[PDB]
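Have a look at the structure below before the remarks.
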Amino acid sequence: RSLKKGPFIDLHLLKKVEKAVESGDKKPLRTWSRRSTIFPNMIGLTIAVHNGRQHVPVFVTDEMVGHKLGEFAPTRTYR
Amino acid sequence: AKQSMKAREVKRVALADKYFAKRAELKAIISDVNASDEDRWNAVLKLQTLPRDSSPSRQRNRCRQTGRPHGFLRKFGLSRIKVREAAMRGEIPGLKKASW
Amino acid sequence: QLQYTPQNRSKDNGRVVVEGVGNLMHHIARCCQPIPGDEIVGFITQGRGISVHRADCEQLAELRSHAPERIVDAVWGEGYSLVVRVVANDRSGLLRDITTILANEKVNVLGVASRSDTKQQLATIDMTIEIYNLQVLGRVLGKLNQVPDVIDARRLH
Amino acid sequence: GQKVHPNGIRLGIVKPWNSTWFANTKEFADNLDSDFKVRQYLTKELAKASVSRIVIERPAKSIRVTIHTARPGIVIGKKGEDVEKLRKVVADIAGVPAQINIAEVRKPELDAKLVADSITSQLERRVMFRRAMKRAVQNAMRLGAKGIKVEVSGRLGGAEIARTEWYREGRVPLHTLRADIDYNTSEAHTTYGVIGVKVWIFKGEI
Amino acid sequence: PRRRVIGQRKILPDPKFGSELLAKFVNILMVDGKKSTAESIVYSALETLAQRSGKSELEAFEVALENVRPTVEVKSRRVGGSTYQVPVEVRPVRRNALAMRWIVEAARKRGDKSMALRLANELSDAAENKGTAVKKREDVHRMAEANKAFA
RNA sequence: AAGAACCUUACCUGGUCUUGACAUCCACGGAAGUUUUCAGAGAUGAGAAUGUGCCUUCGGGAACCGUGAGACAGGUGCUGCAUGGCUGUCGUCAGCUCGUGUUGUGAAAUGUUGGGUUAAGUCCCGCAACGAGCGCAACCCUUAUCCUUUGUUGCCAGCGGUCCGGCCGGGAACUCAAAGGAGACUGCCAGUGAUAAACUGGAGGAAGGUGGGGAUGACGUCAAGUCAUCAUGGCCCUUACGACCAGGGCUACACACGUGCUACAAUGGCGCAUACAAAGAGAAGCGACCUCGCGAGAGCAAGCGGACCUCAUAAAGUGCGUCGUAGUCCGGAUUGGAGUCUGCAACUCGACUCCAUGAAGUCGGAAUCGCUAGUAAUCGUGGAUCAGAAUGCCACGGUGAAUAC
RNA sequence: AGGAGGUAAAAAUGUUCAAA
RNA sequence: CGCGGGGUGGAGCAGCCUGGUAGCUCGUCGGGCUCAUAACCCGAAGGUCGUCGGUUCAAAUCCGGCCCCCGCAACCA
């Protein structure tokens with residue numbers, strides 16, 4: 001579907017994740033990277049993807065991986 | 001349009017040549033089928049380190065006079081309004097209204 | 001006729017700081033009606049972000065018996081929205097007695113939750129509101145426990 | 001409004017392009033812009049010397065600059081003093097030696113531009129517009145122009161509502177292509193704002 | 001035209017048989033530029049017609065073509081002020097022309113397998129002036145009859 | 001809008017800066033530049049190595065950097081009914097004016113009306129009108145026939161050599177390419193017409209009465225449009241309506257509409273084979289050929305900044321075979337899966353590929369649109385915009401009607 | 001050209017002020 | 001107190017009488033013609049049949065109460 005090589009993410013978040021990894025599943029993340037793919041070593045994390053004004057939280061689970069973060073933070077509000 | 005925008009564009013040109021101009025290599029040879037090792041990953045990960053702009057896709061490219069982002073001609077570097085405005089003046093070398 | 005603006009302005013947020021951070025999508029739950037004072041306990045819904053459920057409560061405790069790990073902690077940053085039950089004797093213009101007080105008493109009146117039936121002469125009236133200042137809450141309770149037809153008029157939970 | 005620019009429609013017929021030279025897209029626009037630059041700079045420091053038109057030529061990396069003016073003596077400063085002063089600032093704006101050629105036009109009223117800004121000059125003086133128009137007009141007609149027509153538009157005199165005015169004398173066959181209809185503009189700023197000035201001048205053919 | 005009494009367009013007669021009218025008949029079936037295929041369809045129909053009719057084609061066609069050819073038409077000229085029907089003698093060019101137009105018309109409908117074949121059936125039915133094409137012409141005859149009161 | 005992922009971008013939310021992203025002037029410290037680490041979303045913020053060069057009449061030098069102060073700066077803030085320039089439009093409609101003269105107290109009129117004629121206040125004639133001007137026409141470009149010029153990367157008849165490929169000697173006739181010219185003028189005749197313009201037919205002629213097409217758009221109207229391309233008078237904001245950045249939005253979706261694409265099929269789909277264009281574009285671009293992949297593409301890598309190289313076997317069409325009138329081998333939306341390419345990045349939100357999926361639709365109410373010739377119709381090719389992103393726009397040839405009393 | 005006879009159903013309305 | 005009749009889309013009326021399936025006109029809505037509106041043309045939705053209960057397999061319809069609305073009567077006193 002996109003990018004043959006290297007399920008892309010932005011570094012600041014990677015390290016943010018790593019840091020939380022050894023630190024343990026703790027306080028929710030302040031990622032603004034909706035573009036970053038969700039690597040397996042992120043499950044259980046309660047990262048909060050920015051939403052254009054809101055910074056809505058998302059509780060990662062196995063399946064939430066190849067799918068990019070943006071998918072879990074709908075932008076437009078309808079009805 | 002808005003001196004700030006034009007300055008913003010040239011800033012893009014500055015950072016453009018300052019980096020990738022001789023550091024597009026990362027996505028180049030490193031993001032290539034030869035070293036799919038962590039090295040290639042280093043590439044895709046060091047690329048972000050580079051300031052957001054600089055990358056050519058982030059070169060909106062405006063008119064050299066008015067600076068109107070739309071209707072720009074890569075040829076004269078001028079927006080249709082100005083290219084016409086000068087062409088009529090007799091400015092542009094050999095450029096009369098065609099009639100084929 | 002006076003029955004959105006809250007969700008449009010709770011979006012202004014700053015109202016909750018979850019485990020060291022605010023700005024997270026969240027909303028006060030309808031099963032506790034968390035009040036500014038006694039902090040809260042927050043739960044993370046799949047969509048619609050964090051679901052605050054007020055500190056200490058059963059449904060919030062039921063979640064503990066499913067995905068307790070997801071549950072999180074927070075405070076208030078900066079007494080909007082709440083309900084109040086006023087079971088009372090009959091009525092006889094009592095509906096006015098609640099409103100008579102409420103009028104220029106200010107507080108929002110969207111809790112049209114009355115129910116006059118039962119068996120005896122005791123109509124069961126409820127009232128959701130969106131009272132602002134915490135002090136205002138107190139003046140109401142003193143001005144509403146007073147009413148002759150009223151037998152009870154306090155923070156429904 | 002919709003009348004074709006007279007100078008444009010006759011480019012391949014009578015009117016030579018003001019900026020003769022050549023290049024390719026690989027280095028074209030650059031030469032075109034810098035061209036504009038020098039023409040702009042001169043527009044500035046020569047508006048006081050009554051330039052008519054700045055033709056530019058770009059041969060062998062070099063940038064030649066033919067300059068039409070009615071008063072070369074003031075353009076040149078003193079013994080090419082200010083002239084070379086210009087060639088300096090010119091090649092400075094082009095990073096290339098510029099052969100600054102200055103050609104005098106000796107019929108100041110027989111040019112469009114000169115007359116045009118003669119008018120703007122007058123509106124700058126705050127002289128009543130119409131006097132200025134009839135002025136330049138008669139000057140042209142008695143100076144042999146087989147045709148002339150000028151126009152002014154805007155507040156002119158500071159009217160609440162903008163108007164447009166025009167006088168003509170002699171044939172000005174805008175559709176007769178071979179007709180050498182000189183045509184120039186020079187917007188005229190006034191306290192009430194900008195005011196348009198356009199001038200047509202018909203002289204010959206083939 | 002309101003004025004330009006323009007002379008008509010001369011054409012290119014048929015490559016197979018000699019009829020120029022045949023060629024015209026190709027044209028009034030030639031959708032788009034597929035004139036090749038149109039021509040294919042044409043000769044096909046003539047071939048099969050020459051089969052069941054047993055006759056020629058160059059004229060096995062006309063005995064069929066004549067059957068639908070109109071005698072008079074009803075252009076709605078509105079003499080006076082208020083509008084009503086007016087029969088009129090049809091031009092020979094428009095005669096055979098409109099005739100073909102109708103034949104092809106009923107042929108476009110009553111579609112079978114081949115276009116050519118269903119059309120072959122048409123022309124046969126026209127030879128027995130029982131095709132829908134003639135019925136169309138017959139209709140024009142009635143419009144002529146009922147309005148024969150006018151001039 | 002000649003192409004919204006970021007950028008664009010002007011909007012939102014949030015985090016940010018104020019003489020500032022952009023400009024000069026003064027002063028202060030200082031090469032500019034270079035490299036690198038942390039934090040942060042980023043902007044920025046915080047440290048650290050490195051560099052410190054031509055006037056040296058040497059505060060020193062141009063530059064550039066950062067700092068301070070203020071003049072200022074910034075505005076895509078309003079105001080097209082304050083404007084210029086620019087544009088549509090009525091409309092390529094043939095009209096619209098002026099001089100002096102004359103008529104009338106005057107507004108004005110006559111000129112321009114009238115008999116003809118014309119694509120045309122085009123033309124002739126008469127006339128209190130006589131002339132002039134903007135416009136019509138024409139001068140320009142393109143296209144159609146011919147001659148001259150020169151002959152590559154073009155072409156290649158006739159000659160010779162052929163691995164019968166203009167492939168090779170060789171050829172300047174030919175296609176063609178551009179340069180220069182010829183030619184068409186109601187010029188010839190018949191007819192009509194007031195011995196006028198002109199109209200009608202023919203001869204010849206590539207071409208015929210403006211041959212085809214384009215270019216060019218009058219005096220003006222709508223206080224039409226644009227103060228957001230620009231420029232500009234006002235007004236308005238100026239520790240913010242300015243300036244930076246991240247994410248978002250411009251792609252929302254019960255609904256309505258304009259303009260298009262694609263179909264509903266049998267003059268058609270599908271399969272194999274097969275013939276015939278013009279127009280263009282191309283350098284941090286076009287990218288052969290060969291290898292890999294079902295493919296989009298990938299690796300490798302000539303040629304080309306171009307009549308040679310590349311995009312690049314055009315498609316309809318043609319032959320053969322099939323499907324045989326069913327929602328059907330029609331239709332291709334939608335959708336899942338798996339991919340490719342672009343680009344920091346493809347979820348919101350790209351394109352394209354593969355496997356599968358396979359809806360509405362069986363020629364559309366009232367109503368309404370274009371079009372008279374290489375047009376309509378149908379078919380594919382290309383270009384600007386462009387990292388990528390056409391069913392749009394623009395451009396090019398292929399095929400090829402009907403009808404107009 | 002001197003003259004006669006033939007010749008179109010229905011189709012309403014438009015807020016206020018406003019420029020050398 | 002009395003007798004008779006009626007309550008149906010937003011309006012007016014059907015259809016009930018004689019059980020199953022509610023139609024007409026305007027109006028509302030969608031499109032068209034028009035410079036624009038109406039008119040006109042195309043197309044469309046819309047009615048728990050006063051309320052409750054009952055009779056029945058089924059009730060707009062049959063039956064009873066209730067609320068409304070109108071009618072005729074309220075005489076000899």
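Labeling convention for the structure tokens: chains A, B, ... as they appear, residues from 1 per chain, ligands from 1 in order of appearance.
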
Problem set entry | Those in chain D with alpha helix (DSSP H) from DSSP, as a ChimeraX atom specification | /D:6-9,28-44,72-75,81-92,112-124,129-142

For this session: Tell me which protein, DNA and RNA residues are within 9 Å of residue 3 of chain B, counting only C-alpha atoms (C1' of nucleotides), leaving out same-chain ones fewer than 4 positions away, and put them as a ChimeraX atom specification.
Result: /B:7-8 /F:21-22,74

Wanna dump the chain B-chain F contacts at 7 Å for me, each residue with its shortest atom pair and the distance in Å to one decimal, counting only C-alpha atoms (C1' of nucleotides), ordered by chain and number, as a Markdown table?
```
| residue | atom | partner | partner_atom | distance |
| --- | --- | --- | --- | --- |
| B:3 | CA | F:22 | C1' | 5.3 |
| B:4 | CA | F:21 | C1' | 5.2 |
| B:7 | CA | F:22 | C1' | 5.9 |
| B:8 | CA | F:21 | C1' | 6.7 |
| B:47 | CA | F:344 | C1' | 6.3 |
| B:48 | CA | F:344 | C1' | 5.4 |
| B:52 | CA | F:344 | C1' | 6.3 |
| B:57 | CA | F:387 | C1' | 5.3 |
| B:58 | CA | F:7 | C1' | 4.6 |
| B:59 | CA | F:7 | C1' | 6.7 |
| B:60 | CA | F:8 | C1' | 6.0 |
| B:66 | CA | F:229 | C1' | 5.7 |
| B:68 | CA | F:229 | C1' | 5.6 |
| B:70 | CA | F:1 | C1' | 6.7 |
| B:71 | CA | F:2 | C1' | 5.3 |
| B:81 | CA | F:229 | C1' | 6.5 |
| B:99 | CA | F:141 | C1' | 5.2 |
| B:100 | CA | F:142 | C1' | 4.7 |
```

Keeping only N, CA and C atoms, take the residues you just selected and write them out as a PDB file, in the first residue's frame.
```
ATOM      1  N   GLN B   3       5.593  39.762   1.945  1.00  0.00           N
ATOM      2  CA  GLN B   3       7.039  39.616   1.878  1.00  0.00           C
ATOM      3  C   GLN B   3       7.495  38.389   2.656  1.00  0.00           C
ATOM      4  N   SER B   4       6.825  38.122   3.772  1.00  0.00           N
ATOM      5  CA  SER B   4       7.166  36.979   4.608  1.00  0.00           C
ATOM      6  C   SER B   4       7.153  35.668   3.825  1.00  0.00           C
ATOM      7  N   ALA B   7      10.175  35.362   1.533  1.00  0.00           N
ATOM      8  CA  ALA B   7      11.360  35.133   2.354  1.00  0.00           C
ATOM      9  C   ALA B   7      11.319  33.679   2.814  1.00  0.00           C
ATOM     10  N   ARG B   8      10.110  33.197   3.101  1.00  0.00           N
ATOM     11  CA  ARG B   8       9.931  31.824   3.546  1.00  0.00           C
ATOM     12  C   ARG B   8      10.368  30.871   2.441  1.00  0.00           C
ATOM     13  N   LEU B  47      17.157  10.778   8.342  1.00  0.00           N
ATOM     14  CA  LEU B  47      16.545  11.708   7.407  1.00  0.00           C
ATOM     15  C   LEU B  47      15.681  12.750   8.108  1.00  0.00           C
ATOM     16  N   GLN B  48      14.962  12.328   9.144  1.00  0.00           N
ATOM     17  CA  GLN B  48      14.101  13.239   9.890  1.00  0.00           C
ATOM     18  C   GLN B  48      14.937  14.309  10.583  1.00  0.00           C
ATOM     19  N   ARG B  52      12.903  19.987   8.601  1.00  0.00           N
ATOM     20  CA  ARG B  52      11.720  19.709   7.800  1.00  0.00           C
ATOM     21  C   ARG B  52      11.772  20.179   6.352  1.00  0.00           C
ATOM     22  N   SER B  57      10.541  18.854  -2.480  1.00  0.00           N
ATOM     23  CA  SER B  57       9.087  18.830  -2.604  1.00  0.00           C
ATOM     24  C   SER B  57       8.539  20.021  -1.836  1.00  0.00           C
ATOM     25  N   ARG B  58       9.296  20.487  -0.848  1.00  0.00           N
ATOM     26  CA  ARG B  58       8.866  21.636  -0.074  1.00  0.00           C
ATOM     27  C   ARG B  58       9.433  22.920  -0.652  1.00  0.00           C
ATOM     28  N   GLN B  59       9.287  23.060  -1.967  1.00  0.00           N
ATOM     29  CA  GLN B  59       9.726  24.245  -2.703  1.00  0.00           C
ATOM     30  C   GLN B  59       8.506  24.638  -3.530  1.00  0.00           C
ATOM     31  N   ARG B  60       7.581  25.365  -2.905  1.00  0.00           N
ATOM     32  CA  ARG B  60       6.346  25.778  -3.568  1.00  0.00           C
ATOM     33  C   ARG B  60       6.566  26.438  -4.923  1.00  0.00           C
ATOM     34  N   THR B  66       5.590  39.061  -8.848  1.00  0.00           N
ATOM     35  CA  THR B  66       4.423  39.105  -7.980  1.00  0.00           C
ATOM     36  C   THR B  66       4.475  38.005  -6.908  1.00  0.00           C
ATOM     37  N   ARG B  68       2.834  35.111  -6.999  1.00  0.00           N
ATOM     38  CA  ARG B  68       1.573  34.385  -6.918  1.00  0.00           C
ATOM     39  C   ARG B  68       1.892  32.898  -7.129  1.00  0.00           C
ATOM     40  N   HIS B  70       0.032  30.333  -7.782  1.00  0.00           N
ATOM     41  CA  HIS B  70      -0.666  29.687  -8.895  1.00  0.00           C
ATOM     42  C   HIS B  70      -0.248  30.199 -10.278  1.00  0.00           C
ATOM     43  N   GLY B  71      -0.571  29.415 -11.303  1.00  0.00           N
ATOM     44  CA  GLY B  71      -0.280  29.795 -12.673  1.00  0.00           C
ATOM     45  C   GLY B  71       1.155  30.136 -12.997  1.00  0.00           C
ATOM     46  N   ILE B  81       0.088  36.329 -15.258  1.00  0.00           N
ATOM     47  CA  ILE B  81      -0.239  37.745 -15.294  1.00  0.00           C
ATOM     48  C   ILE B  81       0.976  38.569 -15.689  1.00  0.00           C
ATOM     49  N   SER B  99      -0.574  32.256 -33.544  1.00  0.00           N
ATOM     50  CA  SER B  99      -1.780  32.203 -34.352  1.00  0.00           C
ATOM     51  C   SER B  99      -1.682  31.063 -35.351  1.00  0.00           C
ATOM     52  N   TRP B 100      -1.539  29.848 -34.835  1.00  0.00           N
ATOM     53  CA  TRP B 100      -1.462  28.680 -35.699  1.00  0.00           C
ATOM     54  C   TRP B 100      -2.896  28.190 -35.913  1.00  0.00           C
TER      55      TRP B 100
END
```

Problem set entry | All residues 9 Å or closer to segment 63-73 of chain E, only C-alpha atoms (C1' of nucleotides), same chain fewer than 4 positions away omitted, as a count of residues only | 36

Residues of chain D that approach chain B to 10 Å or less, counting only C-alpha atoms: could you list each one with the shortest pair of atoms and its distance in Å to one decimal, rows by chain and increasing residue number, as JSON lines?
```
{"residue": "D:4", "atom": "CA", "partner": "B:88", "partner_atom": "CA", "distance": 9.2}
{"residue": "D:5", "atom": "CA", "partner": "B:88", "partner_atom": "CA", "distance": 6.4}
{"residue": "D:6", "atom": "CA", "partner": "B:88", "partner_atom": "CA", "distance": 8.3}
{"residue": "D:7", "atom": "CA", "partner": "B:88", "partner_atom": "CA", "distance": 6.3}
{"residue": "D:8", "atom": "CA", "partner": "B:88", "partner_atom": "CA", "distance": 4.3}
{"residue": "D:9", "atom": "CA", "partner": "B:97", "partner_atom": "CA", "distance": 6.9}
{"residue": "D:10", "atom": "CA", "partner": "B:96", "partner_atom": "CA", "distance": 8.1}
{"residue": "D:11", "atom": "CA", "partner": "B:96", "partner_atom": "CA", "distance": 6.1}
{"residue": "D:12", "atom": "CA", "partner": "B:96", "partner_atom": "CA", "distance": 6.6}
{"residue": "D:13", "atom": "CA", "partner": "B:96", "partner_atom": "CA", "distance": 9.8}
{"residue": "D:15", "atom": "CA", "partner": "B:90", "partner_atom": "CA", "distance": 8.1}
{"residue": "D:16", "atom": "CA", "partner": "B:90", "partner_atom": "CA", "distance": 7.5}
{"residue": "D:17", "atom": "CA", "partner": "B:90", "partner_atom": "CA", "distance": 4.6}
{"residue": "D:18", "atom": "CA", "partner": "B:90", "partner_atom": "CA", "distance": 5.2}
{"residue": "D:19", "atom": "CA", "partner": "B:91", "partner_atom": "CA", "distance": 5.3}
{"residue": "D:20", "atom": "CA", "partner": "B:93", "partner_atom": "CA", "distance": 5.4}
{"residue": "D:21", "atom": "CA", "partner": "B:93", "partner_atom": "CA", "distance": 6.3}
{"residue": "D:22", "atom": "CA", "partner": "B:93", "partner_atom": "CA", "distance": 7.0}
{"residue": "D:23", "atom": "CA", "partner": "B:93", "partner_atom": "CA", "distance": 9.4}
{"residue": "D:24", "atom": "CA", "partner": "B:75", "partner_atom": "CA", "distance": 8.9}
{"residue": "D:25", "atom": "CA", "partner": "B:75", "partner_atom": "CA", "distance": 5.8}
{"residue": "D:26", "atom": "CA", "partner": "B:75", "partner_atom": "CA", "distance": 8.8}
{"residue": "D:27", "atom": "CA", "partner": "B:75", "partner_atom": "CA", "distance": 9.6}
{"residue": "D:28", "atom": "CA", "partner": "B:76", "partner_atom": "CA", "distance": 7.0}
{"residue": "D:29", "atom": "CA", "partner": "B:76", "partner_atom": "CA", "distance": 4.6}
{"residue": "D:30", "atom": "CA", "partner": "B:77", "partner_atom": "CA", "distance": 8.2}
{"residue": "D:31", "atom": "CA", "partner": "B:76", "partner_atom": "CA", "distance": 9.4}
{"residue": "D:32", "atom": "CA", "partner": "B:92", "partner_atom": "CA", "distance": 7.1}
{"residue": "D:33", "atom": "CA", "partner": "B:64", "partner_atom": "CA", "distance": 7.2}
{"residue": "D:35", "atom": "CA", "partner": "B:91", "partner_atom": "CA", "distance": 8.8}
{"residue": "D:36", "atom": "CA", "partner": "B:91", "partner_atom": "CA", "distance": 8.3}
{"residue": "D:54", "atom": "CA", "partner": "B:91", "partner_atom": "CA", "distance": 9.8}
{"residue": "D:55", "atom": "CA", "partner": "B:91", "partner_atom": "CA", "distance": 8.7}
{"residue": "D:56", "atom": "CA", "partner": "B:91", "partner_atom": "CA", "distance": 9.0}
{"residue": "D:57", "atom": "CA", "partner": "B:93", "partner_atom": "CA", "distance": 9.7}
{"residue": "D:183", "atom": "CA", "partner": "B:89", "partner_atom": "CA", "distance": 9.5}
{"residue": "D:184", "atom": "CA", "partner": "B:89", "partner_atom": "CA", "distance": 8.7}
```

Problem set entry | chain C contacts to chain A at 7 Å (only C-alpha atoms) as a VMD selection string | chain C and resid 19 23 to 25 46 49 to 50

For this session: Show which residues sit within 8 Å of residue 107 of chain E, as JSON, numbers by chain. Count only C-alpha atoms (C1' of nucleotides), and ignore same-chain residues fewer than 3 positions away.
Result: {"E": [103, 104, 110, 111, 115, 118, 119, 122]}

Let's have the selection written as a PDB file, in the first residue's frame, with N, CA and C atoms.
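As written to disk, result_24.pdb reads:
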```pdb
ATOM      1  N   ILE E 103     -36.159   3.076 -43.045  1.00  0.00           N
ATOM      2  CA  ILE E 103     -35.813   1.660 -43.124  1.00  0.00           C
ATOM      3  C   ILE E 103     -34.780   1.365 -42.043  1.00  0.00           C
ATOM      4  N   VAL E 104     -33.681   2.114 -42.071  1.00  0.00           N
ATOM      5  CA  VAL E 104     -32.622   1.953 -41.087  1.00  0.00           C
ATOM      6  C   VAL E 104     -33.229   2.115 -39.709  1.00  0.00           C
ATOM      7  N   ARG E 110     -36.139  -3.873 -33.522  1.00  0.00           N
ATOM      8  CA  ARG E 110     -36.351  -5.227 -34.035  1.00  0.00           C
ATOM      9  C   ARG E 110     -34.957  -5.836 -34.223  1.00  0.00           C
ATOM     10  N   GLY E 111     -34.090  -5.603 -33.247  1.00  0.00           N
ATOM     11  CA  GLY E 111     -32.748  -6.133 -33.334  1.00  0.00           C
ATOM     12  C   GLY E 111     -32.724  -7.639 -33.164  1.00  0.00           C
ATOM     13  N   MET E 115     -26.751  -7.066 -37.199  1.00  0.00           N
ATOM     14  CA  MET E 115     -27.480  -5.844 -37.490  1.00  0.00           C
ATOM     15  C   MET E 115     -27.868  -6.041 -38.940  1.00  0.00           C
ATOM     16  N   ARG E 118     -30.830  -8.651 -39.310  1.00  0.00           N
ATOM     17  CA  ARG E 118     -32.136  -8.141 -38.904  1.00  0.00           C
ATOM     18  C   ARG E 118     -32.587  -7.146 -39.970  1.00  0.00           C
ATOM     19  N   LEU E 119     -31.620  -6.443 -40.555  1.00  0.00           N
ATOM     20  CA  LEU E 119     -31.913  -5.463 -41.592  1.00  0.00           C
ATOM     21  C   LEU E 119     -32.318  -6.160 -42.881  1.00  0.00           C
ATOM     22  N   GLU E 122     -35.691  -6.800 -42.634  1.00  0.00           N
ATOM     23  CA  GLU E 122     -36.449  -5.570 -42.829  1.00  0.00           C
ATOM     24  C   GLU E 122     -36.739  -5.355 -44.304  1.00  0.00           C
TER      25      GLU E 122
END
```

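Interface residues of chain E facing chain F, defined by any atom at most 6 Å away and using only C-alpha atoms (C1' of nucleotides), are residues 27, 32, 33, 37 and 38 of chain E.
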
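Near residue 168 of chain D, within 7 Å and counting only C-alpha atoms (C1' of nucleotides), sit residues 148, 149 and 150 of chain D; same-chain residues fewer than 4 positions away were not included.
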
Store the residues picked out above in a file with N, CA and C atoms, as a CSV table (one decimal), in the first residue's frame.
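Contents of the output file selection.csv:
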```
chain,number,residue,atom,x,y,z
D,148,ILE,N,-2.4,60.7,-33.0
D,148,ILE,CA,-2.2,60.8,-31.6
D,148,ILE,C,-3.5,60.6,-30.9
D,149,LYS,N,-3.4,60.0,-29.7
D,149,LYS,CA,-4.6,59.8,-28.9
D,149,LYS,C,-4.2,59.5,-27.4
D,150,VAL,N,-4.6,60.3,-26.5
D,150,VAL,CA,-4.2,60.1,-25.1
D,150,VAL,C,-5.4,59.9,-24.2
```

Find the residues of segment 41-81 of chain B that sit at most 8 Å from segment 5-24 of chain A; for each, write down the nearest two atoms and how far apart they are in Å, to one decimal. Count only C-alpha atoms. Sort by chain, then by number going up, and give it as a tab-separated table.
```
residue	atom	partner	partner_atom	distance
B:41	CA	A:6	CA	7.0
B:44	CA	A:6	CA	7.5
B:45	CA	A:11	CA	6.3
B:48	CA	A:10	CA	6.7
```

Pull N, CA, C and O atoms from the residues just selected and write them as a short mmCIF file (atom, residue, chain, number, x, y, z; two decimals), in the first residue's frame.
```
data_model
loop_
_atom_site.label_atom_id
_atom_site.label_comp_id
_atom_site.auth_asym_id
_atom_site.auth_seq_id
_atom_site.Cartn_x
_atom_site.Cartn_y
_atom_site.Cartn_z
N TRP B 41 18.13 1.36 8.03
CA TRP B 41 17.22 1.91 9.02
C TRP B 41 17.79 3.20 9.57
O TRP B 41 17.06 4.13 9.91
N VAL B 44 16.75 5.93 6.98
CA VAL B 44 15.37 6.35 7.17
C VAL B 44 15.14 7.05 8.50
O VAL B 44 14.15 7.76 8.66
N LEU B 45 16.04 6.85 9.45
CA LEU B 45 15.86 7.48 10.75
C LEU B 45 16.67 8.76 10.91
O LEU B 45 16.32 9.61 11.72
N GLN B 48 14.96 12.33 9.14
CA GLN B 48 14.10 13.24 9.89
C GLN B 48 14.94 14.31 10.58
O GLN B 48 14.55 15.47 10.64
#
```

For this session: Would you return as a PyMOL selection string the members of segment 95-170 of chain D that DSSP assigns to strand (DSSP E or B) on this structure's backbone?
Result: chain D and resi 102-104+147-154+163-170

Let me see the file: selected residues, C-alpha atoms, as a short mmCIF file (atom, residue, chain, number, x, y, z; two decimals), in the first residue's frame.
```cif
data_model
loop_
_atom_site.label_atom_id
_atom_site.label_comp_id
_atom_site.auth_asym_id
_atom_site.auth_seq_id
_atom_site.Cartn_x
_atom_site.Cartn_y
_atom_site.Cartn_z
CA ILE D 102 23.00 55.35 -24.48
CA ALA D 103 21.03 56.50 -27.53
CA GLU D 104 19.34 59.87 -27.52
CA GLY D 147 -1.91 60.45 -35.36
CA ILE D 148 -2.15 60.78 -31.61
CA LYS D 149 -4.59 59.83 -28.86
CA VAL D 150 -4.22 60.08 -25.10
CA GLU D 151 -6.32 58.92 -22.18
CA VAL D 152 -6.50 59.55 -18.44
CA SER D 153 -8.61 57.64 -15.90
CA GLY D 154 -9.36 57.74 -12.18
CA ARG D 163 -13.87 59.00 -15.01
CA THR D 164 -11.97 58.41 -18.25
CA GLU D 165 -11.06 60.92 -20.93
CA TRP D 166 -9.42 60.86 -24.31
CA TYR D 167 -8.47 63.15 -27.19
CA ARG D 168 -7.25 62.19 -30.61
CA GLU D 169 -5.94 63.86 -33.73
CA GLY D 170 -5.06 62.16 -36.97
#
```

Exercise. Hey, what's within 10 Å of segment 3-14 of chain G if we count only C-alpha atoms (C1' of nucleotides) and toss same-chain stuff fewer than 3 positions away? As a PyMOL selection string, please?
Worked result: (chain E and resi 79-83) or (chain H and resi 36-39)

Problem set entry | d(atom CA of residue 16 of chain E, atom CA of residue 101 of chain E) in Å |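 So the answer is 21.4 Å.
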
Exercise. Of the candidates D:175, D:193, D:50, D:202, which one gets nearest to residue 136 of chain F if we count only C-alpha atoms (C1' of nucleotides)?
Worked result: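 So, comparing all the options, the nearest one is D:175.
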
Problem set entry | For atom CA of residue 142 of chain E and atom CA of residue 84 of chain E, the interatomic separation in Å (one decimal) | 15.4 Å

For this session: Do a neighbour search on segment 17-31 of chain B at 9 Å with only C-alpha atoms (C1' of nucleotides), toss out local chain neighbours closer than 4 positions, and write the hits as a list in words.
Result: residues 5 of chain A; 12, 13, 35, 36, 39, 40, 41, 42, 43, 44, 46, 47, 50, 51, 54, 55 and 56 of chain B; 284 of chain F
